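Novice: Handing over final_23.cif, mmCIF, N, CA and C atoms.
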data_final
loop_
_atom_site.group_PDB
_atom_site.id
_atom_site.type_symbol
_atom_site.label_atom_id
_atom_site.label_comp_id
_atom_site.auth_asym_id
_atom_site.auth_seq_id
_atom_site.Cartn_x
_atom_site.Cartn_y
_atom_site.Cartn_z
ATOM 1 N N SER A 1 116.473 68.281 95.068
ATOM 2 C CA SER A 1 116.273 68.009 93.613
ATOM 3 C C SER A 1 117.602 68.098 92.874
ATOM 4 N N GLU A 2 117.619 68.837 91.763
ATOM 5 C CA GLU A 2 118.840 69.018 90.980
ATOM 6 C C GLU A 2 119.011 70.441 90.463
ATOM 7 N N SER A 3 117.913 71.184 90.390
ATOM 8 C CA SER A 3 117.962 72.568 89.938
ATOM 9 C C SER A 3 117.545 73.473 91.097
ATOM 10 N N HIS A 4 118.340 74.502 91.377
ATOM 11 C CA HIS A 4 118.052 75.424 92.478
ATOM 12 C C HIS A 4 118.421 76.853 92.124
ATOM 13 N N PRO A 5 117.606 77.509 91.288
ATOM 14 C CA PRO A 5 117.829 78.892 90.849
ATOM 15 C C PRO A 5 117.854 79.928 91.979
ATOM 16 N N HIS A 6 116.878 79.859 92.876
ATOM 17 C CA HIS A 6 116.793 80.816 93.972
ATOM 18 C C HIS A 6 117.964 80.692 94.932
ATOM 19 N N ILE A 7 118.321 79.462 95.280
ATOM 20 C CA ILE A 7 119.457 79.228 96.162
ATOM 21 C C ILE A 7 120.719 79.804 95.531
ATOM 22 N N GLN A 8 120.891 79.557 94.239
ATOM 23 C CA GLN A 8 122.066 80.018 93.517
ATOM 24 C C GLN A 8 122.144 81.536 93.394
ATOM 25 N N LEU A 9 120.993 82.172 93.210
ATOM 26 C CA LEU A 9 120.930 83.616 93.092
ATOM 27 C C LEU A 9 121.483 84.241 94.380
ATOM 28 N N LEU A 10 121.100 83.681 95.526
ATOM 29 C CA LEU A 10 121.582 84.176 96.810
ATOM 30 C C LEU A 10 123.080 83.935 96.957
ATOM 31 N N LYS A 11 123.520 82.731 96.620
ATOM 32 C CA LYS A 11 124.932 82.377 96.748
ATOM 33 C C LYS A 11 125.861 83.300 95.952
ATOM 34 N N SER A 12 125.487 83.577 94.709
ATOM 35 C CA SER A 12 126.260 84.425 93.794
ATOM 36 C C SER A 12 126.310 85.892 94.184
ATOM 37 N N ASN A 13 125.348 86.326 94.982
ATOM 38 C CA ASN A 13 125.278 87.725 95.363
ATOM 39 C C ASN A 13 125.462 87.959 96.850
ATOM 40 N N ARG A 14 126.134 87.017 97.480
ATOM 41 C CA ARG A 14 126.409 87.059 98.891
ATOM 42 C C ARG A 14 126.915 88.413 99.423
ATOM 43 N N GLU A 15 128.064 88.855 98.932
ATOM 44 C CA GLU A 15 128.646 90.107 99.391
ATOM 45 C C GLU A 15 127.776 91.314 99.096
ATOM 46 N N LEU A 16 127.094 91.276 97.966
ATOM 47 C CA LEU A 16 126.207 92.353 97.596
ATOM 48 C C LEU A 16 125.064 92.394 98.617
ATOM 49 N N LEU A 17 124.592 91.221 99.028
ATOM 50 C CA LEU A 17 123.490 91.142 99.977
ATOM 51 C C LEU A 17 123.902 91.548 101.388
ATOM 52 N N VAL A 18 125.090 91.125 101.799
ATOM 53 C CA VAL A 18 125.604 91.434 103.123
ATOM 54 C C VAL A 18 125.871 92.921 103.329
ATOM 55 N N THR A 19 126.175 93.643 102.253
ATOM 56 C CA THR A 19 126.449 95.066 102.383
ATOM 57 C C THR A 19 125.231 95.938 102.087
ATOM 58 N N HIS A 20 124.238 95.398 101.390
ATOM 59 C CA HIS A 20 123.055 96.183 101.063
ATOM 60 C C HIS A 20 121.863 95.946 101.983
ATOM 61 N N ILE A 21 121.903 94.883 102.776
ATOM 62 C CA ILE A 21 120.807 94.620 103.697
ATOM 63 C C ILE A 21 121.162 95.272 105.034
ATOM 64 N N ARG A 22 120.474 96.350 105.394
ATOM 65 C CA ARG A 22 120.793 96.996 106.654
ATOM 66 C C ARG A 22 119.702 96.908 107.715
ATOM 67 N N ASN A 23 119.078 95.741 107.780
ATOM 68 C CA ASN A 23 118.073 95.446 108.800
ATOM 69 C C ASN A 23 117.812 93.953 108.819
ATOM 70 N N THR A 24 118.146 93.306 109.926
ATOM 71 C CA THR A 24 117.946 91.871 110.009
ATOM 72 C C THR A 24 116.695 91.419 110.751
ATOM 73 N N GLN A 25 116.228 92.197 111.720
ATOM 74 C CA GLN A 25 115.054 91.770 112.474
ATOM 75 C C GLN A 25 113.756 91.543 111.710
ATOM 76 N N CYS A 26 113.387 92.414 110.770
ATOM 77 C CA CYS A 26 112.144 92.184 110.031
ATOM 78 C C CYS A 26 112.260 90.865 109.285
ATOM 79 N N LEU A 27 113.460 90.576 108.786
ATOM 80 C CA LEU A 27 113.698 89.351 108.046
ATOM 81 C C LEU A 27 113.486 88.130 108.933
ATOM 82 N N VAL A 28 114.150 88.100 110.085
ATOM 83 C CA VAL A 28 114.024 86.971 110.996
ATOM 84 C C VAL A 28 112.588 86.823 111.497
ATOM 85 N N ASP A 29 111.936 87.932 111.823
ATOM 86 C CA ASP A 29 110.563 87.857 112.302
ATOM 87 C C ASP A 29 109.661 87.249 111.231
ATOM 88 N N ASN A 30 109.882 87.626 109.980
ATOM 89 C CA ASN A 30 109.071 87.090 108.898
ATOM 90 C C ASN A 30 109.322 85.610 108.659
ATOM 91 N N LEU A 31 110.581 85.199 108.762
ATOM 92 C CA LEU A 31 110.931 83.808 108.565
ATOM 93 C C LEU A 31 110.301 82.961 109.667
ATOM 94 N N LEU A 32 110.205 83.518 110.870
ATOM 95 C CA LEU A 32 109.605 82.823 112.008
ATOM 96 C C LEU A 32 108.099 82.704 111.845
ATOM 97 N N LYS A 33 107.457 83.827 111.550
ATOM 98 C CA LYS A 33 106.012 83.881 111.379
ATOM 99 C C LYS A 33 105.533 82.986 110.249
ATOM 100 N N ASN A 34 106.411 82.722 109.286
ATOM 101 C CA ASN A 34 106.049 81.880 108.157
ATOM 102 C C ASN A 34 106.544 80.459 108.348
ATOM 103 N N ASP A 35 107.013 80.180 109.559
ATOM 104 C CA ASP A 35 107.509 78.865 109.944
ATOM 105 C C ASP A 35 108.626 78.324 109.065
ATOM 106 N N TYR A 36 109.581 79.177 108.701
ATOM 107 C CA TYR A 36 110.712 78.734 107.894
ATOM 108 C C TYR A 36 111.958 78.758 108.764
ATOM 109 N N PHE A 37 111.864 79.479 109.872
ATOM 110 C CA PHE A 37 112.947 79.579 110.843
ATOM 111 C C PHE A 37 112.343 79.141 112.177
ATOM 112 N N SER A 38 113.112 78.449 113.006
ATOM 113 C CA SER A 38 112.668 77.996 114.327
ATOM 114 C C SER A 38 113.273 78.944 115.357
ATOM 115 N N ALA A 39 112.903 78.764 116.619
ATOM 116 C CA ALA A 39 113.444 79.592 117.687
ATOM 117 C C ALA A 39 114.964 79.425 117.711
ATOM 118 N N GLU A 40 115.443 78.198 117.540
ATOM 119 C CA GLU A 40 116.883 77.972 117.552
ATOM 120 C C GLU A 40 117.587 78.729 116.430
ATOM 121 N N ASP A 41 117.006 78.727 115.230
ATOM 122 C CA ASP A 41 117.599 79.439 114.097
ATOM 123 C C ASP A 41 117.786 80.914 114.456
ATOM 124 N N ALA A 42 116.724 81.536 114.949
ATOM 125 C CA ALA A 42 116.772 82.935 115.331
ATOM 126 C C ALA A 42 117.879 83.154 116.368
ATOM 127 N N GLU A 43 117.938 82.244 117.334
ATOM 128 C CA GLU A 43 118.918 82.270 118.414
ATOM 129 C C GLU A 43 120.324 82.252 117.835
ATOM 130 N N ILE A 44 120.531 81.422 116.818
ATOM 131 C CA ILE A 44 121.826 81.314 116.160
ATOM 132 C C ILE A 44 122.191 82.643 115.494
ATOM 133 N N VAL A 45 121.210 83.317 114.899
ATOM 134 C CA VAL A 45 121.478 84.598 114.254
ATOM 135 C C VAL A 45 121.836 85.654 115.298
ATOM 136 N N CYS A 46 121.089 85.683 116.398
ATOM 137 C CA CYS A 46 121.351 86.634 117.476
ATOM 138 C C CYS A 46 122.772 86.525 117.989
ATOM 139 N N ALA A 47 123.288 85.305 118.036
ATOM 140 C CA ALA A 47 124.636 85.054 118.534
ATOM 141 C C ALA A 47 125.765 85.610 117.670
ATOM 142 N N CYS A 48 125.451 86.086 116.469
ATOM 143 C CA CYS A 48 126.495 86.646 115.608
ATOM 144 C C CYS A 48 126.943 87.998 116.170
ATOM 145 N N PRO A 49 128.254 88.257 116.172
ATOM 146 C CA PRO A 49 128.784 89.516 116.708
ATOM 147 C C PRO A 49 128.466 90.835 115.982
ATOM 148 N N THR A 50 128.243 90.783 114.670
ATOM 149 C CA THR A 50 127.952 91.998 113.906
ATOM 150 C C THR A 50 126.710 91.837 113.031
ATOM 151 N N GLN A 51 126.208 92.928 112.457
ATOM 152 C CA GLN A 51 125.033 92.793 111.606
ATOM 153 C C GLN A 51 125.435 92.081 110.311
ATOM 154 N N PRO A 52 126.560 92.477 109.686
ATOM 155 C CA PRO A 52 126.982 91.786 108.466
ATOM 156 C C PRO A 52 127.092 90.279 108.739
ATOM 157 N N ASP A 53 127.535 89.894 109.929
ATOM 158 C CA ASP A 53 127.640 88.467 110.223
ATOM 159 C C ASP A 53 126.260 87.840 110.344
ATOM 160 N N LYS A 54 125.297 88.607 110.847
ATOM 161 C CA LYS A 54 123.939 88.112 110.980
ATOM 162 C C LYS A 54 123.345 87.886 109.595
ATOM 163 N N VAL A 55 123.617 88.798 108.670
ATOM 164 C CA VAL A 55 123.119 88.639 107.310
ATOM 165 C C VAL A 55 123.748 87.399 106.664
ATOM 166 N N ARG A 56 125.045 87.186 106.882
ATOM 167 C CA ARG A 56 125.709 86.009 106.329
ATOM 168 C C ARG A 56 125.062 84.747 106.907
ATOM 169 N N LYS A 57 124.787 84.775 108.211
ATOM 170 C CA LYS A 57 124.183 83.646 108.902
ATOM 171 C C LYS A 57 122.782 83.374 108.367
ATOM 172 N N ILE A 58 121.986 84.424 108.217
ATOM 173 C CA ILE A 58 120.637 84.272 107.698
ATOM 174 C C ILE A 58 120.679 83.680 106.289
ATOM 175 N N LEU A 59 121.616 84.141 105.468
ATOM 176 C CA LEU A 59 121.736 83.633 104.104
ATOM 177 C C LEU A 59 122.154 82.162 104.105
ATOM 178 N N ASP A 60 123.047 81.794 105.018
ATOM 179 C CA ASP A 60 123.487 80.403 105.113
ATOM 180 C C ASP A 60 122.294 79.530 105.461
ATOM 181 N N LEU A 61 121.572 79.936 106.492
ATOM 182 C CA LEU A 61 120.415 79.185 106.933
ATOM 183 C C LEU A 61 119.376 79.063 105.827
ATOM 184 N N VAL A 62 119.025 80.187 105.209
ATOM 185 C CA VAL A 62 118.039 80.191 104.142
ATOM 186 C C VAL A 62 118.448 79.276 102.988
ATOM 187 N N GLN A 63 119.696 79.387 102.548
ATOM 188 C CA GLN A 63 120.183 78.551 101.456
ATOM 189 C C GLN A 63 120.113 77.063 101.799
ATOM 190 N N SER A 64 120.455 76.715 103.035
ATOM 191 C CA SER A 64 120.426 75.324 103.432
ATOM 192 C C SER A 64 119.000 74.808 103.636
ATOM 193 N N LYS A 65 118.065 75.688 103.987
ATOM 194 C CA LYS A 65 116.683 75.258 104.187
ATOM 195 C C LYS A 65 116.121 74.801 102.846
ATOM 196 N N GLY A 66 116.616 75.385 101.755
ATOM 197 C CA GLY A 66 116.139 74.976 100.449
ATOM 198 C C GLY A 66 115.579 76.014 99.496
ATOM 199 N N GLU A 67 115.099 75.503 98.369
ATOM 200 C CA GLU A 67 114.540 76.303 97.296
ATOM 201 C C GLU A 67 113.258 77.051 97.672
ATOM 202 N N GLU A 68 112.364 76.402 98.412
ATOM 203 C CA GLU A 68 111.112 77.046 98.821
ATOM 204 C C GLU A 68 111.391 78.243 99.746
ATOM 205 N N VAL A 69 112.279 78.045 100.712
ATOM 206 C CA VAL A 69 112.598 79.107 101.642
ATOM 207 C C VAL A 69 113.415 80.216 100.971
ATOM 208 N N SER A 70 114.305 79.854 100.047
ATOM 209 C CA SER A 70 115.105 80.852 99.345
ATOM 210 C C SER A 70 114.211 81.667 98.426
ATOM 211 N N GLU A 71 113.191 81.036 97.854
ATOM 212 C CA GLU A 71 112.284 81.766 96.978
ATOM 213 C C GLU A 71 111.467 82.721 97.837
ATOM 214 N N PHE A 72 111.019 82.233 98.988
ATOM 215 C CA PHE A 72 110.236 83.048 99.913
ATOM 216 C C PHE A 72 111.047 84.279 100.333
ATOM 217 N N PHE A 73 112.304 84.035 100.696
ATOM 218 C CA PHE A 73 113.229 85.073 101.145
ATOM 219 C C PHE A 73 113.427 86.173 100.084
ATOM 220 N N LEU A 74 113.582 85.774 98.823
ATOM 221 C CA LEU A 74 113.751 86.740 97.745
ATOM 222 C C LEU A 74 112.503 87.609 97.567
ATOM 223 N N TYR A 75 111.318 87.006 97.662
ATOM 224 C CA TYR A 75 110.074 87.765 97.532
ATOM 225 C C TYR A 75 109.876 88.639 98.771
ATOM 226 N N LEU A 76 110.488 88.232 99.877
ATOM 227 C CA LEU A 76 110.402 88.996 101.114
ATOM 228 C C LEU A 76 111.251 90.271 100.968
ATOM 229 N N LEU A 77 112.440 90.141 100.379
ATOM 230 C CA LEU A 77 113.304 91.301 100.168
ATOM 231 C C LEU A 77 112.635 92.253 99.193
ATOM 232 N N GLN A 78 112.003 91.706 98.166
ATOM 233 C CA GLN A 78 111.319 92.544 97.186
ATOM 234 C C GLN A 78 110.226 93.345 97.892
ATOM 235 N N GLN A 79 109.393 92.667 98.679
ATOM 236 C CA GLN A 79 108.302 93.341 99.374
ATOM 237 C C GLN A 79 108.814 94.361 100.387
ATOM 238 N N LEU A 80 109.859 94.011 101.127
ATOM 239 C CA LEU A 80 110.422 94.946 102.096
ATOM 240 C C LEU A 80 111.041 96.158 101.389
ATOM 241 N N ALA A 81 111.665 95.927 100.234
ATOM 242 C CA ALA A 81 112.272 97.011 99.478
ATOM 243 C C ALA A 81 111.208 97.969 98.948
ATOM 244 N N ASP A 82 109.982 97.483 98.765
ATOM 245 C CA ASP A 82 108.889 98.323 98.267
ATOM 246 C C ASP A 82 108.118 98.935 99.415
ATOM 247 N N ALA A 83 108.287 98.346 100.590
ATOM 248 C CA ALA A 83 107.553 98.767 101.775
ATOM 249 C C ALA A 83 107.705 100.226 102.200
ATOM 250 N N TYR A 84 108.934 100.725 102.190
ATOM 251 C CA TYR A 84 109.202 102.089 102.630
ATOM 252 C C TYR A 84 109.921 102.979 101.617
ATOM 253 N N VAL A 85 110.285 102.415 100.473
ATOM 254 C CA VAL A 85 111.000 103.175 99.459
ATOM 255 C C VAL A 85 110.337 104.500 99.081
ATOM 256 N N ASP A 86 109.012 104.521 98.984
ATOM 257 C CA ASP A 86 108.305 105.741 98.602
ATOM 258 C C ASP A 86 108.311 106.893 99.614
ATOM 259 N N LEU A 87 108.993 106.722 100.748
ATOM 260 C CA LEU A 87 109.070 107.771 101.766
ATOM 261 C C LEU A 87 110.398 108.505 101.647
ATOM 262 N N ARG A 88 111.314 107.927 100.871
ATOM 263 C CA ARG A 88 112.642 108.509 100.659
ATOM 264 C C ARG A 88 112.584 109.944 100.127
ATOM 265 N N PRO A 89 111.830 110.175 99.041
ATOM 266 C CA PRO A 89 111.752 111.541 98.516
ATOM 267 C C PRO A 89 111.363 112.513 99.629
ATOM 268 N N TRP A 90 110.249 112.219 100.288
ATOM 269 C CA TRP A 90 109.746 113.051 101.363
ATOM 270 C C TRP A 90 110.760 113.245 102.508
ATOM 271 N N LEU A 91 111.289 112.152 103.053
ATOM 272 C CA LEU A 91 112.256 112.232 104.149
ATOM 273 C C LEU A 91 113.455 113.094 103.789
ATOM 274 N N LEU A 92 113.824 113.093 102.520
ATOM 275 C CA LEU A 92 114.944 113.903 102.091
ATOM 276 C C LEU A 92 114.566 115.385 101.997
ATOM 277 N N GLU A 93 113.393 115.675 101.437
ATOM 278 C CA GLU A 93 112.921 117.050 101.305
ATOM 279 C C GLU A 93 112.700 117.721 102.657
ATOM 280 N N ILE A 94 112.119 117.002 103.615
ATOM 281 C CA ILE A 94 111.869 117.588 104.926
ATOM 282 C C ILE A 94 113.169 117.765 105.696
ATOM 283 N N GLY A 95 114.269 117.857 104.960
ATOM 284 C CA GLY A 95 115.567 118.038 105.577
ATOM 285 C C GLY A 95 115.825 117.053 106.692
ATOM 286 N N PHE A 96 115.247 115.863 106.574
ATOM 287 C CA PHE A 96 115.434 114.843 107.590
ATOM 288 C C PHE A 96 116.724 114.108 107.285
ATOM 289 N N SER A 97 117.842 114.807 107.469
ATOM 290 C CA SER A 97 119.179 114.266 107.218
ATOM 291 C C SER A 97 119.284 113.654 105.820
#
What does the file become when written as structure tokens?
Specialist:
Amino acid sequence: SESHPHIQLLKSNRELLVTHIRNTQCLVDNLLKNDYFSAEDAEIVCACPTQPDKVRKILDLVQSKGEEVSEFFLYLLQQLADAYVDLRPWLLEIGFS
């Protein structure tokens, strides 16, 4: 099309995303299960030497797939960020490092 807010949001926050995302597998598994990533895409991510590189790769792929996939990805991060956040207080109190 001509307008791509979700794609742009990811592009502008690249470094912030690469340093704040510390888990790539749930992301790739979700992209696969929702048919937005193919076996080859996942394979390409696996081939990256570091996790930060995997996040950069995932972001590249997502951005190129388009607005629908980038929107999906953003809602996926939101849901994942809410998924375990409420255990932080507890994990900290139980002296769990």
Novice: Of the candidates A:19, A:78, A:8, A:50, which one gets nearest to residue 64 in chain A if we count only C-alpha atoms?
Specialist: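 Among the listed residues, A:8 lies closest to residue 64 in chain A.
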Novice: One decimal, in Å: what's the spacing between CA of residue 91 in chain A and atom C of residue 17 in chain A?
Specialist: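 Between CA of residue 91 in chain A and atom C of residue 17 in chain A the gap works out to 23.9 Å.
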Novice: What is the CA of residue 28 in chain A-CA of residue 40 in chain A distance in Å, reported with one decimal?
Specialist: 11.5 Å
Novice: Given all atoms listed in the file as the basis, pick out the residue of A:44, A:86, A:25, A:74 nearest to residue 57 in chain A.
Specialist: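 Looking at the shortest contact to residue 57 in chain A, the residue is A:44.
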Novice: Report, in Å with one decimal, the straight-line distance from atom N of residue 6 in chain A to atom C of residue 77 in chain A.
Specialist: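 Separation of atom N of residue 6 in chain A and atom C of residue 77 in chain A: 14.5 Å.
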Novice: Determine which residues of chain A DSSP labels as helix (DSSP H, G or I) from the backbone of this structure, then write them out as a PyMOL selection string.
Specialist: chain A and resi 5-12+14-20+25-33+39-46+51-65+67-83+85-93
Novice: Tell me which protein, DNA and RNA residues are within 8 Å of residue 23 in chain A, counting all atoms listed in the file, leaving out same-chain ones fewer than 3 positions away, and put them as a PyMOL selection string.
Specialist: chain A and resi 20+26-28+51+55
Novice: For residue 5 in chain A, which residue out of A:43, A:93, A:82, A:67 is the nearest one, using all atoms listed in the file?
Specialist: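 With all atoms listed in the file as the atom set, the closest residue is A:67.
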Novice: Name the residues that the PyMOL selection byres (((chain A and resi 37 and name CA) around 12) and name CA) pulls out of this structure, and write them as an mmCIF file with N, CA and C atoms, keeping the file's coordinate frame.
Specialist:
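As a result, expr_17.cif now contains:
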data_model
loop_
_atom_site.group_PDB
_atom_site.id
_atom_site.type_symbol
_atom_site.label_atom_id
_atom_site.label_comp_id
_atom_site.auth_asym_id
_atom_site.auth_seq_id
_atom_site.Cartn_x
_atom_site.Cartn_y
_atom_site.Cartn_z
ATOM 1 N N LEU A 27 113.460 90.576 108.786
ATOM 2 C CA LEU A 27 113.698 89.351 108.046
ATOM 3 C C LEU A 27 113.486 88.130 108.933
ATOM 4 N N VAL A 28 114.150 88.100 110.085
ATOM 5 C CA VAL A 28 114.024 86.971 110.996
ATOM 6 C C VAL A 28 112.588 86.823 111.497
ATOM 7 N N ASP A 29 111.936 87.932 111.823
ATOM 8 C CA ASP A 29 110.563 87.857 112.302
ATOM 9 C C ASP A 29 109.661 87.249 111.231
ATOM 10 N N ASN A 30 109.882 87.626 109.980
ATOM 11 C CA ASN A 30 109.071 87.090 108.898
ATOM 12 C C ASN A 30 109.322 85.610 108.659
ATOM 13 N N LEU A 31 110.581 85.199 108.762
ATOM 14 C CA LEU A 31 110.931 83.808 108.565
ATOM 15 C C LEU A 31 110.301 82.961 109.667
ATOM 16 N N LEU A 32 110.205 83.518 110.870
ATOM 17 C CA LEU A 32 109.605 82.823 112.008
ATOM 18 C C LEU A 32 108.099 82.704 111.845
ATOM 19 N N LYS A 33 107.457 83.827 111.550
ATOM 20 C CA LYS A 33 106.012 83.881 111.379
ATOM 21 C C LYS A 33 105.533 82.986 110.249
ATOM 22 N N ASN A 34 106.411 82.722 109.286
ATOM 23 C CA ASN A 34 106.049 81.880 108.157
ATOM 24 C C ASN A 34 106.544 80.459 108.348
ATOM 25 N N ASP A 35 107.013 80.180 109.559
ATOM 26 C CA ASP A 35 107.509 78.865 109.944
ATOM 27 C C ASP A 35 108.626 78.324 109.065
ATOM 28 N N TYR A 36 109.581 79.177 108.701
ATOM 29 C CA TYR A 36 110.712 78.734 107.894
ATOM 30 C C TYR A 36 111.958 78.758 108.764
ATOM 31 N N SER A 38 113.112 78.449 113.006
ATOM 32 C CA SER A 38 112.668 77.996 114.327
ATOM 33 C C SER A 38 113.273 78.944 115.357
ATOM 34 N N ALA A 39 112.903 78.764 116.619
ATOM 35 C CA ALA A 39 113.444 79.592 117.687
ATOM 36 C C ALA A 39 114.964 79.425 117.711
ATOM 37 N N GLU A 40 115.443 78.198 117.540
ATOM 38 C CA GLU A 40 116.883 77.972 117.552
ATOM 39 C C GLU A 40 117.587 78.729 116.430
ATOM 40 N N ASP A 41 117.006 78.727 115.230
ATOM 41 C CA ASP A 41 117.599 79.439 114.097
ATOM 42 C C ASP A 41 117.786 80.914 114.456
ATOM 43 N N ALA A 42 116.724 81.536 114.949
ATOM 44 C CA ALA A 42 116.772 82.935 115.331
ATOM 45 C C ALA A 42 117.879 83.154 116.368
ATOM 46 N N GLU A 43 117.938 82.244 117.334
ATOM 47 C CA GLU A 43 118.918 82.270 118.414
ATOM 48 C C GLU A 43 120.324 82.252 117.835
ATOM 49 N N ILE A 44 120.531 81.422 116.818
ATOM 50 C CA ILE A 44 121.826 81.314 116.160
ATOM 51 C C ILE A 44 122.191 82.643 115.494
ATOM 52 N N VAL A 45 121.210 83.317 114.899
ATOM 53 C CA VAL A 45 121.478 84.598 114.254
ATOM 54 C C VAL A 45 121.836 85.654 115.298
ATOM 55 N N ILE A 58 121.986 84.424 108.217
ATOM 56 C CA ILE A 58 120.637 84.272 107.698
ATOM 57 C C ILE A 58 120.679 83.680 106.289
ATOM 58 N N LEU A 59 121.616 84.141 105.468
ATOM 59 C CA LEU A 59 121.736 83.633 104.104
ATOM 60 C C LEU A 59 122.154 82.162 104.105
ATOM 61 N N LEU A 61 121.572 79.936 106.492
ATOM 62 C CA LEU A 61 120.415 79.185 106.933
ATOM 63 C C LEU A 61 119.376 79.063 105.827
ATOM 64 N N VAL A 62 119.025 80.187 105.209
ATOM 65 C CA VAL A 62 118.039 80.191 104.142
ATOM 66 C C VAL A 62 118.448 79.276 102.988
ATOM 67 N N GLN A 63 119.696 79.387 102.548
ATOM 68 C CA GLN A 63 120.183 78.551 101.456
ATOM 69 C C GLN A 63 120.113 77.063 101.799
ATOM 70 N N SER A 64 120.455 76.715 103.035
ATOM 71 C CA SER A 64 120.426 75.324 103.432
ATOM 72 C C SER A 64 119.000 74.808 103.636
ATOM 73 N N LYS A 65 118.065 75.688 103.987
ATOM 74 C CA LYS A 65 116.683 75.258 104.187
ATOM 75 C C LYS A 65 116.121 74.801 102.846
ATOM 76 N N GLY A 66 116.616 75.385 101.755
ATOM 77 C CA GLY A 66 116.139 74.976 100.449
ATOM 78 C C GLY A 66 115.579 76.014 99.496
ATOM 79 N N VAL A 69 112.279 78.045 100.712
ATOM 80 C CA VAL A 69 112.598 79.107 101.642
ATOM 81 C C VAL A 69 113.415 80.216 100.971
ATOM 82 N N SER A 70 114.305 79.854 100.047
ATOM 83 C CA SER A 70 115.105 80.852 99.345
ATOM 84 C C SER A 70 114.211 81.667 98.426
ATOM 85 N N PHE A 72 111.019 82.233 98.988
ATOM 86 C CA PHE A 72 110.236 83.048 99.913
ATOM 87 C C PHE A 72 111.047 84.279 100.333
ATOM 88 N N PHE A 73 112.304 84.035 100.696
ATOM 89 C CA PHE A 73 113.229 85.073 101.145
ATOM 90 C C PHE A 73 113.427 86.173 100.084
#
